[PDB]
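K.L.:
Before I ask anything, let me first share the structure, which is written out below as structure tokens.
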Amino acid sequence: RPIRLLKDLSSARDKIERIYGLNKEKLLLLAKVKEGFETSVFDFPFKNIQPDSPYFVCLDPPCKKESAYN
DNA sequence: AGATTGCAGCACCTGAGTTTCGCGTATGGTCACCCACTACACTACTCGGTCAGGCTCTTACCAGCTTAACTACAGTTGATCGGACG
């Protein structure tokens, strides 16, 4: 297909592979976020951001990646 | 596992935000024409002085006389004048 404007990505699965690629470990996070927040229209369950949640997802900013003070 | 049903994918008609546009309406700009005012040199008719022409008025008579005044001769006294003073 000549996928060149947003309207060419008509199929939902085609949109996700075109916008997010096929790295299996990356696609997990999208499935977790979808199930953990689809019903969260204006607010989300406290139980979903907790470190033990079945839907827990957390990406640390690059400044946190290793100790920087020294 | 079939009769009932939803998802959602395909295609084509459609709708607005956005744009480009045409005109109104009106405004500053070109430039062409012809007008007003000015003026140096000129055109030309009249007025004016001068002159002649020639018609015109007014004089004053000649010698004499006879009505009218001067116009000379003539004598003691002025006061500027010269030229020298203060």
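K.L.:
Scanning region A:18-36 for residues that are touching a residue at least 12 places away in the same chain (Cβ under 8 Å) and within 17 Å of A:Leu59 (Cα to Cα), which turns out farthest from DNA strand B (Cβ to nearest atom)?
P.N.:
The qualifying residue farthest from DNA strand B (Cβ to nearest atom) is A:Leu29.
Let's see how each residue does on (1) surrounded by fewer than 10 Cβ atoms within 10 Å (Cβ to Cβ); (2) under 10 Å from the mean Cα position of the chain (by Cα):
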residue: A:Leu27; (1), (2): no, yes
residue: A:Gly36; (1), (2): no, no
residue: A:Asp52; (1), (2): yes, no
residue: A:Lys64; (1), (2): yes, no
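K.L.:
Working only within region A:1-12, note down all residues that are surrounded by 11 or more Cβ atoms within 10 Å (Cβ to Cβ) and either in a helix (DSSP H, G or I) or away from DNA strand B (no atom under 12 Å from the Cβ) (or both).
P.N.:
The answer is A:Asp8, and nothing else.
K.L.:
Output yes when any residue across region A:48-63 is touching a helix residue (DSSP H, G or I) at 6+ places or on another chain (Cβ under 9 Å), within 13 Å of DNA strand B (Cβ to nearest atom) and among the hydrophobic types (A, V, I, L, M, F, W, C), and no when none is.
P.N.:
So far as region A:48-63 goes, no, none of its residues is touching a helix residue (DSSP H, G or I) at 6+ places or on another chain (Cβ under 9 Å), within 13 Å of DNA strand B (Cβ to nearest atom) and among the hydrophobic types (A, V, I, L, M, F, W, C).
K.L.:
For region A:18-46, give me each residue that is aliphatic (A, V, I, L, M) and assigned to a helix (DSSP H, G or I). Break it down stepwise before answering.
P.N.:
Quick first cut of region A:18-46, residues aliphatic (A, V, I, L, M) only: A:19, A:22, A:27-31, A:33, A:41.
Listed by number, the residues that qualify are A:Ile19, A:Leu27, A:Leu28, A:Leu29, A:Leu30, A:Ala31, A:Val33.
K.L.:
Please go through (1) part of a loop (DSSP other than H, G, I, E, B); (2) within 15 Å of DNA strand B (Cβ to nearest atom); (3) surrounded by 11 or more Cβ atoms within 10 Å (Cβ to Cβ) for A:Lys15 and return the number of the only condition it doesn't satisfy.
P.N.:
The one condition A:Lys15 does not meet is (1).
K.L.:
Can you say whether A:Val57 is touching a residue at least 24 places away in the same chain (Cβ under 8 Å) and in a loop (DSSP other than H, G, I, E, B), as far as the supplied structure shows?
P.N.:
Yes, satisfied.
Cβ: placed from backbone, ideal geometry, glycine included. Neighbour counts: every protein chain shown. Computed from the coordinates by the stated procedures, all read-outs in this text should not be read as laboratory data.
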